[PDB]
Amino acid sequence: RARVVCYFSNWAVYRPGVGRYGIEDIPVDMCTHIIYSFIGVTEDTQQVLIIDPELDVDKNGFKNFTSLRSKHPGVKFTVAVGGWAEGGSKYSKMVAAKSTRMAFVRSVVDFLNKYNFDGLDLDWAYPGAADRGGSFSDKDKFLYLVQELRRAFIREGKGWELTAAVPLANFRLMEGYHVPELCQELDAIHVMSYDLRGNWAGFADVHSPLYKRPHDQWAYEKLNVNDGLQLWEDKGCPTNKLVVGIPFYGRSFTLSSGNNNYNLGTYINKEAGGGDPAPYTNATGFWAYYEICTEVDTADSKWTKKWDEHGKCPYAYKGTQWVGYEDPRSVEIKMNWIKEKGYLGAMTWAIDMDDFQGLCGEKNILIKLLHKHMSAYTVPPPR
(Lines of atoms letter the chains of each structure in order from A and count residues from 1; the text may use other names and numbers.)
(Lines give C-alpha, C1' and ligand atoms only; values in the text may rest on other atoms or scores of the structure.)
Protein backbone atom coordinates (compact mmCIF):
# COMPACT_ATOMS: atom_id res chain seq x y z
CA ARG A 1 0.00 0.00 0.00
CA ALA A 2 3.13 2.13 -0.02
CA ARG A 3 3.71 4.36 -3.04
CA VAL A 4 6.68 4.64 -5.37
CA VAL A 5 6.04 7.86 -7.27
CA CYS A 6 8.06 8.39 -10.44
CA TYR A 7 8.21 11.79 -12.15
CA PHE A 8 8.92 11.37 -15.88
CA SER A 9 10.47 14.32 -17.79
CA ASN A 10 9.15 14.68 -21.35
CA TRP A 11 12.19 16.72 -22.41
CA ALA A 12 14.66 13.95 -21.51
CA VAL A 13 14.17 12.47 -24.98
CA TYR A 14 16.28 15.32 -26.43
CA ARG A 15 19.40 14.45 -24.42
CA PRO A 16 22.21 13.25 -26.73
CA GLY A 17 23.68 9.75 -26.90
CA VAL A 18 23.13 7.51 -23.87
CA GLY A 19 21.29 10.37 -22.15
CA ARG A 20 18.28 9.92 -24.44
CA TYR A 21 15.32 8.78 -22.34
CA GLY A 22 11.84 8.25 -23.74
CA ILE A 23 8.54 6.61 -22.75
CA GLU A 24 9.91 3.21 -23.71
CA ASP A 25 12.67 3.60 -21.12
CA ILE A 26 10.35 3.87 -18.11
CA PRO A 27 10.80 0.82 -15.85
CA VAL A 28 7.04 0.76 -15.23
CA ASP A 29 7.02 -2.18 -12.82
CA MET A 30 9.32 -0.32 -10.38
CA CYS A 31 6.70 2.41 -9.80
CA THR A 32 3.12 2.48 -8.48
CA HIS A 33 2.46 6.00 -9.75
CA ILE A 34 4.08 7.64 -12.75
CA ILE A 35 3.72 11.34 -13.56
CA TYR A 36 4.20 12.87 -17.02
CA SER A 37 5.93 16.25 -16.61
CA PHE A 38 4.99 18.88 -17.56
CA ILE A 39 1.92 20.60 -18.94
CA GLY A 40 1.34 24.27 -18.15
CA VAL A 41 -1.36 26.93 -18.13
CA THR A 42 -1.96 29.66 -20.72
CA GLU A 43 -1.34 33.26 -19.69
CA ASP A 44 -4.44 34.61 -21.41
CA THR A 45 -7.23 32.03 -21.15
CA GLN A 46 -6.28 29.91 -18.12
CA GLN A 47 -6.45 26.73 -20.16
CA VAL A 48 -4.15 23.73 -20.23
CA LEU A 49 -0.97 24.58 -22.13
CA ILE A 50 0.66 21.73 -24.02
CA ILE A 51 4.35 22.61 -23.80
CA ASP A 52 5.82 20.30 -26.49
CA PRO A 53 2.87 19.56 -28.81
CA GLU A 54 5.00 17.93 -31.54
CA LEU A 55 6.19 15.40 -28.96
CA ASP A 56 3.19 15.26 -26.60
CA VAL A 57 0.43 15.15 -29.25
CA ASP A 58 1.77 14.68 -32.80
CA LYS A 59 4.17 11.89 -31.80
CA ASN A 60 1.55 10.58 -29.34
CA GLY A 61 3.63 11.20 -26.21
CA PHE A 62 0.69 11.58 -23.81
CA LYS A 63 -1.08 8.47 -25.14
CA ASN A 64 2.04 6.32 -25.41
CA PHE A 65 2.50 7.04 -21.72
CA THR A 66 -1.05 6.28 -20.60
CA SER A 67 -1.25 3.21 -22.90
CA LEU A 68 1.39 1.61 -20.68
CA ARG A 69 -1.53 0.61 -18.45
CA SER A 70 -2.45 -2.17 -20.92
CA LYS A 71 0.64 -4.13 -19.94
CA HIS A 72 0.75 -2.70 -16.41
CA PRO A 73 -2.85 -2.29 -15.19
CA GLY A 74 -1.97 -1.82 -11.51
CA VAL A 75 -0.02 1.39 -12.13
CA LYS A 76 -1.50 4.93 -12.10
CA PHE A 77 -0.45 7.31 -14.88
CA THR A 78 -1.09 10.99 -14.19
CA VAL A 79 0.13 14.32 -15.59
CA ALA A 80 1.81 17.21 -13.75
CA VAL A 81 0.86 20.83 -14.34
CA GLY A 82 3.47 23.51 -13.67
CA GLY A 83 7.09 22.83 -12.73
CA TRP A 84 9.85 25.35 -12.07
CA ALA A 85 10.34 26.57 -15.67
CA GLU A 86 6.63 27.37 -16.00
CA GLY A 87 6.96 30.17 -13.43
CA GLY A 88 4.39 31.07 -10.78
CA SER A 89 2.72 34.24 -12.07
CA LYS A 90 0.33 32.53 -14.51
CA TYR A 91 -0.89 30.34 -11.64
CA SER A 92 -1.38 33.22 -9.21
CA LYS A 93 -3.29 34.90 -12.04
CA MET A 94 -5.28 31.73 -12.77
CA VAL A 95 -6.51 31.31 -9.17
CA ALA A 96 -7.33 35.00 -8.57
CA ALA A 97 -11.01 34.63 -9.53
CA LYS A 98 -13.65 31.90 -9.36
CA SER A 99 -14.31 32.30 -13.09
CA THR A 100 -10.68 31.77 -14.15
CA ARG A 101 -10.35 28.76 -11.82
CA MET A 102 -13.44 27.14 -13.33
CA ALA A 103 -12.10 27.76 -16.82
CA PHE A 104 -8.91 25.94 -15.81
CA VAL A 105 -10.85 23.15 -14.09
CA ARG A 106 -12.95 22.54 -17.22
CA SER A 107 -9.86 22.59 -19.43
CA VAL A 108 -8.16 20.11 -17.11
CA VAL A 109 -11.12 17.73 -17.14
CA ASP A 110 -11.26 17.78 -20.95
CA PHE A 111 -7.50 17.16 -21.16
CA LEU A 112 -7.51 14.20 -18.75
CA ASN A 113 -10.38 12.60 -20.64
CA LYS A 114 -8.78 13.21 -24.01
CA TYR A 115 -5.45 11.59 -23.20
CA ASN A 116 -6.74 8.98 -20.73
CA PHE A 117 -4.79 10.15 -17.67
CA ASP A 118 -5.63 8.83 -14.17
CA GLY A 119 -5.56 12.27 -12.57
CA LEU A 120 -3.54 15.40 -11.99
CA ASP A 121 -0.45 16.42 -10.02
CA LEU A 122 -0.25 20.11 -9.11
CA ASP A 123 3.23 21.59 -9.46
CA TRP A 124 2.81 25.30 -8.89
CA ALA A 125 5.99 26.77 -7.43
CA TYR A 126 4.75 28.43 -5.36
CA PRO A 127 1.50 29.98 -4.15
CA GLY A 128 2.25 33.13 -2.14
CA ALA A 129 5.88 33.39 -3.26
CA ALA A 130 6.76 37.01 -4.07
CA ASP A 131 9.85 35.81 -5.92
CA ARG A 132 7.54 33.77 -8.20
CA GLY A 133 4.84 36.31 -9.09
CA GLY A 134 2.72 35.29 -6.12
CA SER A 135 0.78 37.27 -3.52
CA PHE A 136 -0.78 36.85 -0.07
CA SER A 137 -4.17 35.80 -1.47
CA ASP A 138 -2.72 32.70 -3.17
CA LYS A 139 -2.98 30.67 0.04
CA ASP A 140 -6.78 30.73 0.24
CA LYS A 141 -7.21 30.62 -3.52
CA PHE A 142 -4.89 27.65 -4.11
CA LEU A 143 -7.01 25.79 -1.55
CA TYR A 144 -10.13 26.86 -3.49
CA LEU A 145 -8.57 25.55 -6.71
CA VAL A 146 -7.85 22.22 -5.02
CA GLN A 147 -11.37 21.89 -3.58
CA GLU A 148 -12.88 22.80 -6.95
CA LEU A 149 -10.67 20.29 -8.81
CA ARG A 150 -11.56 17.51 -6.35
CA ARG A 151 -15.28 18.23 -6.78
CA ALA A 152 -14.94 18.17 -10.58
CA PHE A 153 -13.01 14.90 -10.39
CA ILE A 154 -15.80 13.44 -8.26
CA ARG A 155 -18.42 14.56 -10.80
CA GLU A 156 -16.56 12.82 -13.62
CA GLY A 157 -16.94 9.59 -11.68
CA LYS A 158 -13.70 8.00 -12.85
CA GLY A 159 -11.90 7.97 -9.49
CA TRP A 160 -9.19 10.36 -10.69
CA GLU A 161 -6.45 11.18 -8.23
CA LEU A 162 -5.39 14.70 -7.33
CA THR A 163 -1.93 15.18 -5.81
CA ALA A 164 0.55 18.02 -5.30
CA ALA A 165 4.30 18.57 -5.20
CA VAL A 166 5.16 20.77 -2.21
CA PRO A 167 8.17 22.48 -0.58
CA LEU A 168 9.24 21.87 3.02
CA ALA A 169 10.58 25.27 4.12
CA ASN A 170 8.40 26.76 6.86
CA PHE A 171 8.14 30.21 5.27
CA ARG A 172 6.87 28.63 2.03
CA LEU A 173 4.29 26.62 3.98
CA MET A 174 3.10 29.72 5.83
CA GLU A 175 2.83 31.76 2.63
CA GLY A 176 1.23 29.16 0.38
CA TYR A 177 -0.22 26.05 2.00
CA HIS A 178 -3.30 25.49 4.19
CA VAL A 179 -1.88 22.14 5.32
CA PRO A 180 -4.83 20.38 7.05
CA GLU A 181 -7.31 21.40 4.36
CA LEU A 182 -4.96 20.57 1.47
CA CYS A 183 -3.97 17.16 2.88
CA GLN A 184 -7.62 16.10 3.24
CA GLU A 185 -8.44 17.00 -0.38
CA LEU A 186 -5.37 15.34 -1.91
CA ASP A 187 -4.58 11.64 -2.40
CA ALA A 188 -0.89 12.24 -1.69
CA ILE A 189 1.57 14.99 -0.84
CA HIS A 190 4.75 14.70 -2.89
CA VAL A 191 7.28 16.45 -0.71
CA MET A 192 10.13 18.04 -2.62
CA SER A 193 12.76 17.13 -0.05
CA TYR A 194 15.66 18.16 -2.29
CA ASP A 195 17.15 21.41 -3.63
CA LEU A 196 17.43 22.22 0.08
CA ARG A 197 20.89 23.65 -0.64
CA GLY A 198 22.43 24.88 -3.86
CA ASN A 199 24.36 27.64 -5.63
CA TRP A 200 21.67 30.17 -4.68
CA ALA A 201 22.58 29.76 -1.00
CA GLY A 202 26.18 30.96 -1.43
CA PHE A 203 27.94 27.86 -0.10
CA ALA A 204 28.64 24.23 -1.03
CA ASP A 205 26.49 21.62 0.70
CA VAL A 206 24.53 18.44 -0.03
CA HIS A 207 20.99 19.23 -1.18
CA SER A 208 18.98 16.52 0.56
CA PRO A 209 20.47 16.11 4.06
CA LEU A 210 18.34 13.78 6.19
CA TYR A 211 19.30 15.32 9.54
CA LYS A 212 20.57 18.68 10.83
CA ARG A 213 24.31 19.41 10.61
CA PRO A 214 26.26 21.64 13.06
CA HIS A 215 26.65 24.41 10.43
CA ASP A 216 22.86 24.58 9.86
CA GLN A 217 21.74 28.01 11.25
CA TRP A 218 18.74 30.30 11.05
CA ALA A 219 16.55 29.47 8.07
CA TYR A 220 18.61 26.35 7.43
CA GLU A 221 18.31 24.93 10.95
CA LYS A 222 15.25 22.80 10.21
CA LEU A 223 15.77 22.69 6.43
CA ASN A 224 16.46 18.96 6.24
CA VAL A 225 14.37 15.94 5.25
CA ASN A 226 13.62 14.70 8.78
CA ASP A 227 12.65 18.08 10.23
CA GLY A 228 10.83 19.13 7.06
CA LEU A 229 8.57 16.07 7.05
CA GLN A 230 8.07 16.57 10.80
CA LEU A 231 6.94 20.11 9.98
CA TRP A 232 4.28 18.79 7.57
CA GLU A 233 3.07 16.46 10.34
CA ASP A 234 3.04 19.27 12.92
CA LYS A 235 0.98 21.45 10.60
CA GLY A 236 -1.65 18.73 10.40
CA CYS A 237 -0.84 16.39 7.52
CA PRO A 238 -1.45 12.70 8.28
CA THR A 239 1.65 10.49 8.06
CA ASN A 240 -0.08 8.25 5.51
CA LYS A 241 -0.52 11.11 3.02
CA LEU A 242 3.17 12.10 2.95
CA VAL A 243 5.44 10.83 0.18
CA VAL A 244 9.15 11.57 0.53
CA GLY A 245 11.05 12.95 -2.47
CA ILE A 246 14.42 11.47 -3.40
CA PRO A 247 16.58 13.31 -5.95
CA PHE A 248 18.24 11.22 -8.69
CA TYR A 249 20.60 14.14 -9.35
CA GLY A 250 23.25 16.22 -7.62
CA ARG A 251 23.55 19.95 -6.96
CA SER A 252 26.92 21.24 -8.15
CA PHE A 253 29.14 24.19 -7.27
CA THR A 254 32.17 26.00 -8.62
CA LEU A 255 34.41 26.70 -5.64
CA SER A 256 35.94 30.14 -5.11
CA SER A 257 39.39 31.01 -6.47
CA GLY A 258 42.20 29.40 -4.48
CA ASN A 259 39.79 27.66 -2.10
CA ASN A 260 41.33 24.40 -0.86
CA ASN A 261 38.67 23.72 1.75
CA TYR A 262 36.26 21.07 0.48
CA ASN A 263 34.20 20.70 3.64
CA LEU A 264 30.46 21.19 3.88
CA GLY A 265 29.67 24.90 3.98
CA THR A 266 32.75 26.06 2.10
CA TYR A 267 32.57 29.29 0.11
CA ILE A 268 31.86 29.20 -3.62
CA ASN A 269 32.07 31.33 -6.73
CA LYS A 270 28.37 32.15 -6.80
CA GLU A 271 28.66 34.14 -10.04
CA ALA A 272 29.54 30.88 -11.81
CA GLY A 273 25.92 29.86 -11.24
CA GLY A 274 26.99 26.42 -10.05
CA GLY A 275 29.26 23.65 -11.27
CA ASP A 276 30.19 23.27 -14.94
CA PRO A 277 27.55 21.49 -17.07
CA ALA A 278 27.67 17.72 -17.59
CA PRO A 279 27.48 16.32 -21.15
CA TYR A 280 23.90 14.99 -21.11
CA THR A 281 21.79 17.26 -18.92
CA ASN A 282 23.93 20.21 -20.01
CA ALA A 283 23.01 22.52 -17.15
CA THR A 284 25.02 24.67 -14.80
CA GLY A 285 24.21 23.70 -11.23
CA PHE A 286 23.24 20.04 -11.48
CA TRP A 287 24.27 16.60 -12.72
CA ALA A 288 22.11 13.54 -13.29
CA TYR A 289 22.98 10.56 -11.11
CA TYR A 290 24.39 8.74 -14.12
CA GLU A 291 26.63 11.70 -14.96
CA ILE A 292 27.95 11.63 -11.41
CA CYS A 293 28.61 7.89 -11.13
CA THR A 294 30.39 7.66 -14.51
CA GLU A 295 32.80 10.35 -13.25
CA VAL A 296 33.16 9.55 -9.56
CA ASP A 297 32.91 5.75 -9.40
CA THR A 298 35.32 4.72 -12.21
CA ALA A 299 38.47 2.81 -11.24
CA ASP A 300 40.83 5.65 -12.16
CA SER A 301 38.63 8.52 -10.99
CA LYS A 302 40.44 11.70 -9.93
CA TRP A 303 37.36 12.64 -7.89
CA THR A 304 37.46 12.51 -4.11
CA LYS A 305 34.28 11.08 -2.57
CA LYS A 306 33.22 11.94 0.97
CA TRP A 307 30.29 11.35 3.27
CA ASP A 308 28.13 13.75 5.27
CA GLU A 309 27.93 11.92 8.62
CA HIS A 310 24.89 13.87 9.84
CA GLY A 311 23.02 14.51 6.60
CA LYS A 312 23.74 10.95 5.42
CA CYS A 313 24.58 12.03 1.86
CA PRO A 314 27.63 11.59 -0.40
CA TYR A 315 29.58 14.46 -1.91
CA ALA A 316 32.47 14.47 -4.34
CA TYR A 317 34.92 17.04 -5.59
CA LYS A 318 37.68 17.62 -8.12
CA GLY A 319 39.60 20.85 -8.69
CA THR A 320 37.06 23.67 -8.47
CA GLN A 321 34.11 21.29 -8.91
CA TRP A 322 31.99 20.08 -5.99
CA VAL A 323 28.79 18.04 -6.17
CA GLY A 324 26.41 16.82 -3.47
CA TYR A 325 23.96 14.02 -4.25
CA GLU A 326 22.34 10.67 -3.40
CA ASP A 327 23.94 7.26 -3.90
CA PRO A 328 22.71 3.74 -3.12
CA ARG A 329 24.00 4.08 0.45
CA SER A 330 22.11 7.33 1.13
CA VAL A 331 18.94 6.21 -0.65
CA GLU A 332 18.89 2.98 1.40
CA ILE A 333 19.15 5.04 4.59
CA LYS A 334 16.22 7.17 3.49
CA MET A 335 14.12 4.10 2.61
CA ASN A 336 14.57 2.65 6.10
CA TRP A 337 13.86 6.06 7.60
CA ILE A 338 10.62 6.32 5.60
CA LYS A 339 9.41 2.96 6.95
CA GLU A 340 10.45 3.89 10.50
CA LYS A 341 8.38 7.08 10.30
CA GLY A 342 5.40 5.40 8.65
CA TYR A 343 5.10 7.72 5.63
CA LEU A 344 3.06 6.80 2.54
CA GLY A 345 6.08 6.13 0.33
CA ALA A 346 8.95 7.47 -1.77
CA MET A 347 8.98 9.80 -4.76
CA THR A 348 11.78 10.46 -7.25
CA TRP A 349 12.78 13.46 -9.27
CA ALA A 350 13.27 12.08 -11.78
CA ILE A 351 13.21 8.57 -13.20
CA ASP A 352 15.04 9.66 -16.37
CA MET A 353 18.16 10.50 -14.35
CA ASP A 354 18.68 7.08 -12.75
CA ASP A 355 21.50 5.00 -14.25
CA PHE A 356 18.94 3.47 -16.61
CA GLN A 357 21.66 2.46 -19.10
CA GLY A 358 23.73 0.68 -16.46
CA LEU A 359 26.73 2.81 -17.42
CA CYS A 360 28.10 2.33 -13.91
CA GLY A 361 26.89 -1.21 -13.30
CA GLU A 362 23.32 -2.25 -12.48
CA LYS A 363 20.56 -0.68 -14.59
CA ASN A 364 18.05 1.48 -12.71
CA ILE A 365 19.88 0.97 -9.44
CA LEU A 366 18.24 3.84 -7.53
CA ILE A 367 14.63 3.12 -8.48
CA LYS A 368 15.29 -0.56 -7.72
CA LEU A 369 16.07 0.53 -4.16
CA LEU A 370 12.82 2.48 -3.84
CA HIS A 371 10.82 -0.44 -5.24
CA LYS A 372 12.60 -3.05 -3.08
CA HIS A 373 11.93 -1.25 0.20
CA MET A 374 8.43 0.08 -0.58
CA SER A 375 6.96 -3.08 -2.09
CA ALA A 376 7.80 -5.01 1.08
CA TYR A 377 6.34 -2.33 3.35
CA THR A 378 2.93 -1.83 4.93
CA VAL A 379 1.94 1.78 5.65
CA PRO A 380 0.64 1.97 9.25
CA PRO A 381 -2.47 3.95 10.32
CA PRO A 382 -2.03 7.72 10.90
CA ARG A 383 0.02 8.58 13.99
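Throughout, we count residues from 1 along the sequence that is shown.
Look at the mean CA B-factor for 250-258 and for 179-187 in the entry; the higher one is 250-258. For the pair 294-302 and 110-118, the record assigns the higher mean C-alpha temperature factor to 294-302.
Per the deposited record, 263 carries the highest C-alpha B-factor of all listed residues (89, 163, 208, 263). Highest C-alpha temperature factor among 131, 195, 140, 227 per the entry: 131. In this PDB entry, the Cα temperature factor of residue 48 sits in the top third of its chain's modelled residues, the highest group.
Ranked against the other modelled residues of its chain, the C-alpha B-factor of residue 307 as given in the entry falls in the highest third. Sort the modelled residues of the chain by CA B factor and residue 350 lands in the lowest third.
Ranked within its chain, residue 286 lands in the middle third, by CA B factor from the PDB record. Placement of the Cα temperature factor of residue 232 within the chain: lowest third of the modelled residues, per the deposited record.
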